[PDB]
């Protein structure tokens, strides 16, 4: 039940509009495989407040294997 836990936490922190935008970005990524675009949406939504930083890190579940490390690296680059 990790997907539902993520969706619940993300909705609670970001609101309906933010959750919907992140979900649309997620479907776009599932379709076209463009890592940087969805990372842009996710970083804009989650890095504004430090308390939301975990959401970013937890997005790793949706990433395909060949994009894992870059994403992990990029996560640290956005968090410090």
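Numbering follows the first chain given and starts at 1.
When 18-26 is weighed against 56-64, 56-64 comes out higher, by mean CA B-factor as recorded in the entry. The mean C-alpha temperature factor is higher for 71-79 when 71-79 and 3-11 are set side by side. Placement of the Cα temperature factor of residue 35 within the chain: highest third of the modelled residues, per the deposited record. Placement of the Cα temperature factor of residue 48 within the chain: highest third of the modelled residues, per the deposited record.
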